[PDB]
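Asks: I'd like to ask you about the structure that follows.
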Amino acid sequence: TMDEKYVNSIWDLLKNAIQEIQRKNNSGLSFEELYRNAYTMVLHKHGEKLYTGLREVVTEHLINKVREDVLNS
Amino acid sequence: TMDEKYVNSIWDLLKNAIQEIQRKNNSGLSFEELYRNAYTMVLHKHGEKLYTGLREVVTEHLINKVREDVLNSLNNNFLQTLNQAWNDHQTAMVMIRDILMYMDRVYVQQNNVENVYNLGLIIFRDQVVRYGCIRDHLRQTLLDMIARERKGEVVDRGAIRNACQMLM
Amino acid sequence: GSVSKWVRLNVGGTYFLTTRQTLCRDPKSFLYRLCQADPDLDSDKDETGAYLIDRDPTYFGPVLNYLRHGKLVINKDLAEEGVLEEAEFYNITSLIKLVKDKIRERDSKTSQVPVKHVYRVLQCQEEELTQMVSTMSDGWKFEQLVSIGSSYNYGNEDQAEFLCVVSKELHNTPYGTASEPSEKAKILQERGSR
Amino acid sequence: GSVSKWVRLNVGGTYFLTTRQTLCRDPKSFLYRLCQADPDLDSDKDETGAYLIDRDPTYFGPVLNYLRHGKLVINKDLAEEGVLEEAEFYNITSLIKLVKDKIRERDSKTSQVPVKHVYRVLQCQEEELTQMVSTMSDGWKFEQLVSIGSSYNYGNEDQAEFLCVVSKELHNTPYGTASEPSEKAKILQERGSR
Amino acid sequence: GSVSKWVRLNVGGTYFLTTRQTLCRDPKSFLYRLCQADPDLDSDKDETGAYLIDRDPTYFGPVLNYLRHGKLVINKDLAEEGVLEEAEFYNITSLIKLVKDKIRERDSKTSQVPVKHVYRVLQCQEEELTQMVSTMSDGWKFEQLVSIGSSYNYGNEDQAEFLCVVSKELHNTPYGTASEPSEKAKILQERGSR
Amino acid sequence: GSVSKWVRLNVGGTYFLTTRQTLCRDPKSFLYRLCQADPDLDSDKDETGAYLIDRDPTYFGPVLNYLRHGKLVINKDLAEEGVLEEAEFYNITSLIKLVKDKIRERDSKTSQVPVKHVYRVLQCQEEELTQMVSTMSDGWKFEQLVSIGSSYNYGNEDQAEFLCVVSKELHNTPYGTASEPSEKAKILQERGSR
Amino acid sequence: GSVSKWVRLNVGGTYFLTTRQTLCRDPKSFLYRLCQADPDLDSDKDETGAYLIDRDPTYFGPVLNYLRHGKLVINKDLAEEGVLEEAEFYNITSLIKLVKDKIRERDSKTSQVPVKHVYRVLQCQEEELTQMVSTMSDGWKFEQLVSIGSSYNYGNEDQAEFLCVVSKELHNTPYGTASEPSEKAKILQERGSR
């Protein structure tokens, strides 16, 4: 349910894994772990936090990876 | 059970090489042999002897090096000698820690005793910063520099900070 | 080498020679990551030209997967944990529920772990007895027979003379479902309860 | 590497020096073709030239022994299911007759999942148990034995004193019904119904 | 030992070629030393050069799979107790909990191997007897019925009619975490004992 | 180097190290010709050593154990039939007989379905049943105690008051020396019939 | 050349590098005697400095497992008897003890095939019945409950009213089917017999 004591650590680890995927890295990441992380962090009605983090992280990926390669060549 | 005679026989060379490592020397020994030998005796519950041997060699090295160098040094670089002796102690303790993790993970936990890193830190605290003569030397010297610094006089603040960090 | 269209995946150490194309299907699978050469890799060897596969084929097989050549499915002796984790690696909550139901089917038909068993009491008197004992319903198993105290015909041959407690092991439902939305059924259940 | 009688086999990434005949017992197997030389052999590598195989298995062993001696392999932890699953795949031609029993035996086990036990009531006077108990038929197991009174002398020393109840499994394959087009058998069953 | 992206462990004389990164999951396990190519752990072999670990490969399997893909899969042909011991050797608390859960599932499934097994006795007469035999819980197995002497008439329709001993195969939890009493619970137990 | 005083065998492509004399414990075995230094070999290689033995190494284990210390080993994963095949390959007659006994013991329980279970009935009173069950015979399982209705000597405290039926499964080989009785055995059987 | 702090030992075909300390579990063990060079040993593998001894590594498996880990767990698929044979050849009384304990555990686990199974009888009153079945000891399975006549206090609610019969798969013997007797125990058994 609603409690913020554990959400921070799993949240930062999840966003780090999302970026690693963005940084072309799944050879060290297990999809089951990240999937379970997303599920437990969703079902506790923190889905607004995922909606925000998702939006910002896709924008960040577009800037950090897509925009650089678009402009550099 | 297994006969302990040759275990102790090789344990003597093991402790001698441990003391060599304590002096920051690894150019006259095989690190693989020390690692394997030290790791092996832990499985079969000789870790009490290993713990005591490490304790005594650490204590002897501390007494014969750190206290002697601290007492031989004069003030206004008494902090420098103390700091470098502490750094050598920490380097030796880290290199010793590199030898042993299994005992530092299984034996100390199952015996519920102090880790050799923490045990050696306790020995250093008891023999340097809580030992009377060295403690009072350090205290009066630090008091003197922090008095003189407020006068605009030139003192090295890094050493004072480092000594306080050792203290806490 | 593994920098060309062919690669040698070190699956359990074993060199599997395979095209990059058969392994590049989508990034959902782990393997797509290994065959696709990219920076920031630490799963590759340049001493022999091979992309390592850290998973030995010992539960790389029972993975529930489609679209290539192999095999899958939990058996009646295949581990539940492995199939469950391999299903969760393929996402969907419906997939999780269906795989759990499949495990409950394979464990509940014999009724072990779901431990699902059905029991009945057949009131039969003596002459009838060997009848339903011999003419028992197949798929069932007799468990106990107990006489009844009687006040007619010297305590033998009453209109109620024996309870044959029979049973059978099987899932009532292999999904382990319960609860009905029909309110009239609930009304009738409560009516027959008293 | 065919440079002598011994050739290189790739399992676990390791290269094993195996003779031709350990790979060759019939033209159907996959290990045979590696002892035949042709310019289409694309299993060559740049390390030593060893020939790569998928094998890093868990059930190839006893059934390779089966290939090498031709007797189906059942273990105390791997029954006729193990035959029925692996010994079929390694393509031993003699198994087709054998696995049928493995199929029936397997069925004979899976047929008891909806437990099918023949249940029999045998009335015995007390003095009459131990004989027919000690001479119980093979595959017939004792299951229950219930006392009963009688009109005369409370039941003891009378033929109506005990009812043994025994059961036997089926070796039958699973069924849904039994039917034969003989009408007179149905006439006899109906006549004996009353 | 020899420097490579992977590492080759001599686990019980058996070469485990696994990547160094999958061994960095638990520094709190002995493996994370074995992966050091720098003189933090130095070990070699006078035949290959592999690092030496005096831990079995018997139960190293499931633990290594748990390290590789995050979930343990104890093969249902090896002692879960051995897997728990291997988990203890690397003292991974989550892995300890998982293997203990597996052992609990075993003990619930193997309650007839001497481990936890719960039993009860209900009291009912025939009217309610049929009802609660029919409405017997899923998991609780009927084991015996018995009549009790009825002061009313000679038999049925007395409140003291039938005891119903029933059972359930219950999980045995490995000790050190379960069956830990409490002070007020013991006070109430002493109160109710008389 | 094949033999100087020790012999390196290649059993089915698997290298094993032993000595001439361990095989020479039984000088009638097939390995006798292989181990001894003689040009009778029809399969050997001196390019890298070791005679070629194209046979099961999986079922060579128990046979070599008997060859070394005269004792058969019956593993749970071992097909007793398969080790019988290997033993007859290596001509160990007593091992053949013992493994045949093992095969038939396993079949009388597992593959022939559990059959010929021995059942016995024992008269006991309370004072006798308590320690009889307490002193229950080795390899025997209690099956059912029943209280016989009694009018003589009350219905309690009577030497004939309880019947305890017990059993012992026969995972037993049928006698190959002659499970068919002789003429005088049948004479005594018909004498004891009535 | 052939001996160091560690030692290479060729049990079977394979070579294990193990410390001389680990190989000895008692100074009467043959392995320890083989650790140091003896003038009696002639045949050895001087190719790699590893002594040649002739035993199966599969039963060396649990032996080395106990030697390295200090606890013996024999796999459910491997013969504990093979482990015992390995121990008896290597002359390790400690291993004799564990194999004995494991064999007792297995005989408990195999207490369905003929091997001793403990059975016990308890008294209970109608009131006490629920308690002592409920408070029936863990590790024991309830087997039977029998009602009896009441020699005191009417026909029901008697201190001697119901006989419960329970059992334990583990045998009561100190070891297996035969334990080394003691004479004073027989003296007291004769004393209590009369």
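By convention here, the chains of the structure tokens are called A, B, ... in the order presented, each chain's residues are numbered starting at 1, and ligands are numbered starting at 1 in the order presented.
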What does the Cα RMSD come to when chain F is optimally superposed on chain E over every C-alpha atom in order?
Replies: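 That gives an RMSD of 4.0 Å.
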Asks: What are the closest atom pairs, with distances in Å to one decimal, for all residues of chain B lying within 10 Å of chain G? Consider only C-alpha atoms, order rows by chain and residue number, and present the result as CSV.
Replies:
residue,atom,partner,partner_atom,distance
B:1,CA,G:26,CA,5.3
B:2,CA,G:25,CA,5.4
B:3,CA,G:27,CA,6.9
B:4,CA,G:21,CA,8.8
B:6,CA,G:21,CA,8.4
B:7,CA,G:21,CA,7.4
B:10,CA,G:5,CA,8.5
B:33,CA,G:5,CA,8.6
B:36,CA,G:19,CA,9.2
B:37,CA,G:5,CA,8.2
B:40,CA,G:19,CA,8.0
B:41,CA,G:21,CA,8.7
B:43,CA,G:69,CA,7.0
B:44,CA,G:70,CA,7.2
B:45,CA,G:70,CA,9.8
Asks: Please identify all residues of chain A having at least one atom at most 12 Å from any atom of chain C, considering only C-alpha atoms, and return them as number ranges by chain.
Replies: A: 20-36, 38-39
Asks: Export N, CA, C and O atoms of the chosen residues as a PDB file, in the first residue's frame?
Replies:
ATOM      1  N   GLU A  20      20.012   1.572 -18.552  1.00  0.00           N
ATOM      2  CA  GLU A  20      20.921   0.556 -19.074  1.00  0.00           C
ATOM      3  C   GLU A  20      20.361  -0.067 -20.343  1.00  0.00           C
ATOM      4  O   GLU A  20      21.084  -0.256 -21.328  1.00  0.00           O
ATOM      5  N   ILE A  21      19.067  -0.383 -20.333  1.00  0.00           N
ATOM      6  CA  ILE A  21      18.395  -0.819 -21.550  1.00  0.00           C
ATOM      7  C   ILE A  21      18.499   0.251 -22.623  1.00  0.00           C
ATOM      8  O   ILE A  21      18.788  -0.047 -23.789  1.00  0.00           O
ATOM      9  N   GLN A  22      18.271   1.509 -22.249  1.00  0.00           N
ATOM     10  CA  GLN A  22      18.470   2.615 -23.176  1.00  0.00           C
ATOM     11  C   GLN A  22      19.915   2.697 -23.642  1.00  0.00           C
ATOM     12  O   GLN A  22      20.173   3.036 -24.801  1.00  0.00           O
ATOM     13  N   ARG A  23      20.867   2.384 -22.764  1.00  0.00           N
ATOM     14  CA  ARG A  23      22.278   2.386 -23.116  1.00  0.00           C
ATOM     15  C   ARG A  23      22.695   1.075 -23.785  1.00  0.00           C
ATOM     16  O   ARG A  23      23.885   0.745 -23.821  1.00  0.00           O
ATOM     17  N   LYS A  24      21.729   0.329 -24.324  1.00  0.00           N
ATOM     18  CA  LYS A  24      21.982  -0.916 -25.044  1.00  0.00           C
ATOM     19  C   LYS A  24      22.673  -1.936 -24.138  1.00  0.00           C
ATOM     20  O   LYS A  24      23.784  -2.398 -24.404  1.00  0.00           O
ATOM     21  N   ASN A  25      21.992  -2.278 -23.047  1.00  0.00           N
ATOM     22  CA  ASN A  25      22.534  -3.227 -22.088  1.00  0.00           C
ATOM     23  C   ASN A  25      21.429  -4.120 -21.551  1.00  0.00           C
ATOM     24  O   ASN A  25      20.649  -3.705 -20.690  1.00  0.00           O
ATOM     25  N   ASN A  26      21.365  -5.346 -22.081  1.00  0.00           N
ATOM     26  CA  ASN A  26      20.546  -6.382 -21.444  1.00  0.00           C
ATOM     27  C   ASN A  26      21.343  -7.654 -21.183  1.00  0.00           C
ATOM     28  O   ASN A  26      20.764  -8.623 -20.684  1.00  0.00           O
ATOM     29  N   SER A  27      22.637  -7.684 -21.494  1.00  0.00           N
ATOM     30  CA  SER A  27      23.455  -8.864 -21.266  1.00  0.00           C
ATOM     31  C   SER A  27      23.750  -9.084 -19.793  1.00  0.00           C
ATOM     32  O   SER A  27      24.200 -10.172 -19.419  1.00  0.00           O
ATOM     33  N   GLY A  28      23.512  -8.077 -18.955  1.00  0.00           N
ATOM     34  CA  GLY A  28      23.615  -8.217 -17.519  1.00  0.00           C
ATOM     35  C   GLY A  28      22.327  -7.995 -16.759  1.00  0.00           C
ATOM     36  O   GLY A  28      22.335  -8.081 -15.528  1.00  0.00           O
ATOM     37  N   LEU A  29      21.219  -7.721 -17.442  1.00  0.00           N
ATOM     38  CA  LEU A  29      19.947  -7.454 -16.790  1.00  0.00           C
ATOM     39  C   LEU A  29      18.959  -8.569 -17.094  1.00  0.00           C
ATOM     40  O   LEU A  29      18.823  -9.010 -18.239  1.00  0.00           O
ATOM     41  N   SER A  30      18.268  -9.020 -16.052  1.00  0.00           N
ATOM     42  CA  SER A  30      17.234 -10.036 -16.173  1.00  0.00           C
ATOM     43  C   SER A  30      15.884  -9.358 -16.337  1.00  0.00           C
ATOM     44  O   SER A  30      15.511  -8.502 -15.528  1.00  0.00           O
ATOM     45  N   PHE A  31      15.156  -9.738 -17.390  1.00  0.00           N
ATOM     46  CA  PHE A  31      13.848  -9.139 -17.627  1.00  0.00           C
ATOM     47  C   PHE A  31      12.874  -9.478 -16.509  1.00  0.00           C
ATOM     48  O   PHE A  31      11.997  -8.674 -16.181  1.00  0.00           O
ATOM     49  N   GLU A  32      12.991 -10.675 -15.932  1.00  0.00           N
ATOM     50  CA  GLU A  32      12.074 -11.062 -14.865  1.00  0.00           C
ATOM     51  C   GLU A  32      12.210 -10.133 -13.666  1.00  0.00           C
ATOM     52  O   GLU A  32      11.205  -9.719 -13.078  1.00  0.00           O
ATOM     53  N   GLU A  33      13.444  -9.786 -13.299  1.00  0.00           N
ATOM     54  CA  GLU A  33      13.657  -8.905 -12.155  1.00  0.00           C
ATOM     55  C   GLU A  33      13.039  -7.535 -12.396  1.00  0.00           C
ATOM     56  O   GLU A  33      12.289  -7.025 -11.559  1.00  0.00           O
ATOM     57  N   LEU A  34      13.339  -6.927 -13.546  1.00  0.00           N
ATOM     58  CA  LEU A  34      12.828  -5.591 -13.839  1.00  0.00           C
ATOM     59  C   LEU A  34      11.312  -5.607 -13.976  1.00  0.00           C
ATOM     60  O   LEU A  34      10.629  -4.664 -13.558  1.00  0.00           O
ATOM     61  N   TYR A  35      10.778  -6.669 -14.573  1.00  0.00           N
ATOM     62  CA  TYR A  35       9.339  -6.844 -14.702  1.00  0.00           C
ATOM     63  C   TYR A  35       8.670  -6.917 -13.337  1.00  0.00           C
ATOM     64  O   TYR A  35       7.657  -6.247 -13.097  1.00  0.00           O
ATOM     65  N   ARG A  36       9.234  -7.711 -12.424  1.00  0.00           N
ATOM     66  CA  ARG A  36       8.697  -7.782 -11.071  1.00  0.00           C
ATOM     67  C   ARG A  36       8.805  -6.436 -10.374  1.00  0.00           C
ATOM     68  O   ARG A  36       7.897  -6.038  -9.639  1.00  0.00           O
ATOM     69  N   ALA A  38       8.754  -3.411 -11.757  1.00  0.00           N
ATOM     70  CA  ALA A  38       7.703  -2.559 -12.287  1.00  0.00           C
ATOM     71  C   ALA A  38       6.351  -2.963 -11.729  1.00  0.00           C
ATOM     72  O   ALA A  38       5.547  -2.107 -11.359  1.00  0.00           O
ATOM     73  N   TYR A  39       6.095  -4.267 -11.634  1.00  0.00           N
ATOM     74  CA  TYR A  39       4.800  -4.711 -11.134  1.00  0.00           C
ATOM     75  C   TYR A  39       4.585  -4.315  -9.680  1.00  0.00           C
ATOM     76  O   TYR A  39       3.550  -3.727  -9.348  1.00  0.00           O
TER      77      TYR A  39
END
Asks: Just give me the gap between CA of residue 90 (chain B) and CA of residue 15 (chain B) in Å, one decimal is fine.
Replies: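 Rounded to one decimal, the two atoms are 18.6 Å apart.
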Asks: If we count only C-alpha atoms and set the cut-off at 9 Å, which residues sit around region 102-110 of chain C, ignoring sequence neighbours fewer than 5 positions away in its own chain? Please answer as a VMD selection string.
Replies: (chain C and resid 74 to 76 80 83 to 84 97 115 to 117 169 to 176) or (chain D and resid 113 to 114)
Asks: Could you list, as an mmCIF file with C-alpha atoms, in the first residue's frame, the residues of chain G having an atom within 12 Å of chain D when counting only C-alpha atoms?
Replies:
data_model
loop_
_atom_site.group_PDB
_atom_site.id
_atom_site.type_symbol
_atom_site.label_atom_id
_atom_site.label_comp_id
_atom_site.auth_asym_id
_atom_site.auth_seq_id
_atom_site.Cartn_x
_atom_site.Cartn_y
_atom_site.Cartn_z
ATOM 1 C CA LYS G 76 18.636 -39.533 -3.340
ATOM 2 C CA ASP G 77 19.630 -41.075 -6.700
ATOM 3 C CA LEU G 78 23.068 -42.384 -5.660
ATOM 4 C CA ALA G 79 23.710 -45.478 -3.573
#
Asks: Write down as a ChimeraX atom specification the residues of region 52-163 of chain D whose backbone DSSP state falls under strand (DSSP E or B).
Replies: /D:52,117-124,140-147,162-163
Asks: From a DSSP pass on the backbone, collect the residues of chain A flagged as helix (DSSP H, G or I) and hand them back as an NGL selection string.
Replies: :A and (7-22 or 31-43 or 47-72)
Asks: Extract, using only C-alpha atoms, all DNA, RNA and protein residues at most 10 Å from residue 135 (chain D), discarding same-chain residues fewer than 5 positions from it, and format them as a ChimeraX atom specification.
Replies: /D:129-130 /F:116,118-120
Asks: Can you list, as a short mmCIF file (atom, residue, chain, number, x, y, z; two decimals) with N, CA and C atoms, in the first residue's frame, every protein, DNA or RNA residue that comes within 12 Å of residue 126 (chain B) when you count only C-alpha atoms, leaving out same-chain residues fewer than 3 positions away?
Replies:
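What follows is the written file out-v3.cif:
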data_model
loop_
_atom_site.label_atom_id
_atom_site.label_comp_id
_atom_site.auth_asym_id
_atom_site.auth_seq_id
_atom_site.Cartn_x
_atom_site.Cartn_y
_atom_site.Cartn_z
N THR B 59 48.95 -7.25 17.18
CA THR B 59 49.29 -6.53 18.41
C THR B 59 50.79 -6.29 18.50
N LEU B 62 51.90 -3.66 15.97
CA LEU B 62 51.47 -2.34 16.44
C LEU B 62 52.40 -1.83 17.53
N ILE B 63 52.64 -2.65 18.55
CA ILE B 63 53.46 -2.22 19.68
C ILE B 63 54.87 -1.86 19.21
N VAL B 66 54.17 1.22 15.64
CA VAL B 66 53.42 2.47 15.68
C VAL B 66 53.73 3.25 16.94
N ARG B 67 53.70 2.57 18.09
CA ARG B 67 54.00 3.25 19.35
C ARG B 67 55.43 3.77 19.37
N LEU B 119 38.87 -6.01 14.69
CA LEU B 119 39.71 -6.37 15.83
C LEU B 119 41.03 -5.60 15.80
N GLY B 120 41.66 -5.53 14.63
CA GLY B 120 42.88 -4.76 14.50
C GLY B 120 42.68 -3.28 14.72
N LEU B 121 41.54 -2.74 14.28
CA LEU B 121 41.21 -1.35 14.59
C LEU B 121 41.08 -1.14 16.09
N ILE B 122 40.46 -2.10 16.79
CA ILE B 122 40.35 -2.03 18.24
C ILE B 122 41.73 -2.03 18.88
N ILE B 123 42.62 -2.89 18.38
CA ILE B 123 43.98 -2.93 18.92
C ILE B 123 44.69 -1.60 18.70
N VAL B 129 45.55 5.73 20.46
CA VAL B 129 44.74 6.90 20.81
C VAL B 129 44.11 6.79 22.19
N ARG B 130 44.03 5.59 22.76
CA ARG B 130 43.61 5.44 24.15
C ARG B 130 44.77 5.13 25.09
N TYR B 131 45.92 4.70 24.56
CA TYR B 131 47.10 4.52 25.39
C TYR B 131 47.53 5.87 25.96
N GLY B 132 47.80 5.89 27.27
CA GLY B 132 48.02 7.12 28.01
C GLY B 132 49.01 8.10 27.42
N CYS B 133 50.27 7.69 27.28
CA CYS B 133 51.32 8.62 26.86
C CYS B 133 51.04 9.18 25.48
N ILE B 134 50.73 8.31 24.52
CA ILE B 134 50.49 8.77 23.16
C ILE B 134 49.25 9.64 23.11
N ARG B 135 48.20 9.26 23.85
CA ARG B 135 46.97 10.03 23.85
C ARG B 135 47.19 11.44 24.39
N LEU B 167 40.53 9.87 15.70
CA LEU B 167 39.92 9.82 17.02
C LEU B 167 38.49 9.30 16.95
#
